[PDB]
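Worksheet: one structure, shown below.
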Amino acid sequence: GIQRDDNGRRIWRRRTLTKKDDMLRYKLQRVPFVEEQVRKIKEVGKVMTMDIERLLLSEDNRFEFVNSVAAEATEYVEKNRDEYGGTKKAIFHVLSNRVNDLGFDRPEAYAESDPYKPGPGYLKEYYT
Amino acid sequence: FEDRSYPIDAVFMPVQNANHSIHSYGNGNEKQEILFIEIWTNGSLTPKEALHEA
């Protein structure tokens with residue numbers, strides 16, 4: 001097992017696949033043309049939808065999950081009243097905090113803004 | 001067609017894909033729209049250079 005040659009450096013057998021996995025070729029690839037789709041997914045708020053499903057996989061009962069989130073949200077508003085109700089929503093803050101607690105990274109309260117707004121007074125108009 | 005030269009059915013498309021979208025803004029009666037253009041190229045041309053040639 002333990003082998004040292006001449007100069008005291010231990011020499012050892014590096015473990016390798018030494019076998020063929022056909023799943024390696026056809027699965028570690030990528031589609032190149034989803035930039036528009038990715039940007040709309042974030043725009044419509046679909047990312048938090050996946051995060052909610054992620055959090056519910058760690059929960060035994062979805063009704064106690066709902067109650068716990070509301071309880072945590074109530075605590076945020078009492079602690080800092082003026083920071084919530086506009087661009088930052090307390091329930092959205094709770095959900096993003098709970099995703100970050102798992103070690104993943106999300107923007108605070110999923111809040112994002114349009115960088116191409118042509119100054120104050122201008123509202124983006126939605127094409128139904 | 002002779003001398004045993006195999007034809008190659010090439011698709012001439014240095015631009016792989018292109019899309020456009022429009023954002024509309026307004027403050028009262030004053031309207032204003034913004035045009036976005038997305039360009040994908042196969043590297044034989046930059047997207048900015050493709051925009052100029054188009």
Side-chain angles (χ1 to χ4, degrees), chain A residues 1-58 92 95-96 99-100 102-119 122-128, chain B residues 1-27 30-54:
Chain A
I2 164 175
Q3 201 297 3
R4 305 178 217 250
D5 270 319
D6 300 302
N7 304 344
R9 289 180 182 174
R10 300 192 43 167
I11 73 101
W12 41 288
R13 200 260 311 181
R14 275 75 159 174
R15 307 179 197 159
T16 17
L17 195 33
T18 182
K19 202 175 288 299
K20 218 46 55 73
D21 181 28
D22 292 326
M23 290 196 58
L24 287 199
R25 303 86 68 73
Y26 316 135
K27 278 82 222 174
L28 292 133
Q29 261 274 298
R30 179 210 286 300
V31 313
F33 303 111
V34 291
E35 275 103 347
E36 218 283 305
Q37 188 191 149
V38 157
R39 137 158 42 77
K40 315 196 118 200
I41 286 173
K42 305 173 181 291
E43 281 173 11
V44 302
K46 275 174 173 164
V47 172
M48 189 176 85
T49 285
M50 185 51 168
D51 289 329
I52 289 165
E53 181 166 343
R54 169 70 188 90
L55 293 175
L56 284 169
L57 287 166
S58 320
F92 280 28
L95 291 187
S96 67
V99 177
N100 290 329
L102 291 177
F104 310 112
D105 302 291
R106 289 282 183 259
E108 196 135 13
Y110 296 90
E112 291 155 346
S113 54
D114 193 286
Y116 322 104
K117 192 192 297 97
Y122 279 96
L123 294 193
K124 195 178 177 305
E125 306 167 347
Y126 194 86
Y127 193 78
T128 49
Chain B
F1 222 163
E2 75 281 325
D3 80 76
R4 318 129 74 204
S5 69
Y6 301 76
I8 292 173
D9 39 10
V11 188
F12 293 83
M13 41 168 210
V15 176
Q16 307 285 90
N17 197 38
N19 198 33
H20 82 98
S21 57
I22 303 160
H23 293 11
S24 302
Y25 296 86
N27 55 34
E30 170 183 357
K31 290 304 171 303
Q32 168 173 146
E33 70 187 16
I34 296 183
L35 170 69
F36 291 94
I37 290 181
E38 277 168 293
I39 300 174
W40 292 260
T41 78
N42 62 0
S44 71
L45 172 40
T46 68
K48 189 186 278 89
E49 281 170 356
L51 183 80
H52 291 131
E53 312 327 317

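Quick note on labels: first sequence line is chain A, next is B, and so on, each numbered from 1. Values below: every heavy atom of this structure, side chains too, minus hydrogens, waters and symmetry copies.
Between atom CG of residue A:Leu95 and atom CG of residue A:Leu55 there is a gap of 6.5 Å, rounded to the nearest 0.5 Å. With values rounded to the nearest 0.5 angstrom, B:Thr46 atom OG1 is found 8.5 Å from B:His52 atom NE2. Rounding to the nearest 0.5 Å places OH of A:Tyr110 at 3.0 Å from CG of A:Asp51. From A:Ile52, atom CD1 reaches atom CG of A:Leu57 across 12.5 Å, with rounding to the nearest 0.5 Å. Interatomic distance, B:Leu45 CG to B:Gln16 CD, rounded to the nearest 0.5 Å: 11.0 Å. Considering OH of B:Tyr25 and CD of A:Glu125, their distance stands at 10.0 Å, rounded to 0.5 Å.
Looking at heavy atoms from C-beta onward, A:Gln37 lies in side-chain contact with A:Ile41 at the 4.5 angstrom threshold. Counting heavy atoms from C-beta on, the side chains of A:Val99 and A:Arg54 never come closer than 4.5 Å.
Of all heavy-atom pairs spanning A:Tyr122 and B:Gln32, the tightest one is OH-NE2, 3.7 Å. Between A:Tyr116 and B:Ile34, the shortest heavy-atom contact is O-CD1, 3.5 Å. In plain terms, the two heavy atoms of A:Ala109 and A:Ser96 that are nearest each other are N-OG, 3.0 Å. Across B:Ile39 and B:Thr41, no two heavy atoms sit closer than the pair CG2-CG2, 3.8 Å. Minimum interatomic distance between A:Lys27 and A:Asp22 (heavy atoms only, all atoms of both residues): NZ-O, 4.5 Å. The two atoms that bring A:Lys124 and B:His23 nearest to each other are CE-CD2, 3.7 Å, heavy atoms only.
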Under 3.5 Å, which donor-acceptor pairs do the side chains of residues 4-12 of chain A form with other protein atoms, sequence neighbours left out?
{"unit_1": "A:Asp5", "atom_1": "OD1", "unit_2": "A:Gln3", "atom_2": "NE2", "d": "2.7"}
{"unit_1": "A:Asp5", "atom_1": "OD2", "unit_2": "A:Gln3", "atom_2": "NE2", "d": "2.8"}

- Check the pair B:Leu35 / B:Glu33 against side chain to side chain contact (heavy atoms under 4.5 Å, CB included), numbers first and verdict last. CA-CA 7 Å; B:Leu35 170 69; B:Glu33 70 187 16; over 6 Å; no
- Verdict with supporting geometry, A:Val38 and A:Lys42, side chain to side chain contact (heavy atoms under 4.5 Å, CB included): CA-CA 7 Å; A:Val38 157; A:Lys42 305 173 181 291; 3.8 Å; yes
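The neighbour count for B:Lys48 NZ, taken as heavy atoms of other residues, nucleotides or ligands under 6.0 Å away, does not exceed 12. In the displayed structure, A:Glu53 atom CD is contacted under 6.0 Å by at most 12 heavy atoms of other residues, nucleotides or ligands.
Salt bridge present: A:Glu36 and A:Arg39 bring a charged side-chain N and a carboxylate O closer than 4.0 Å.
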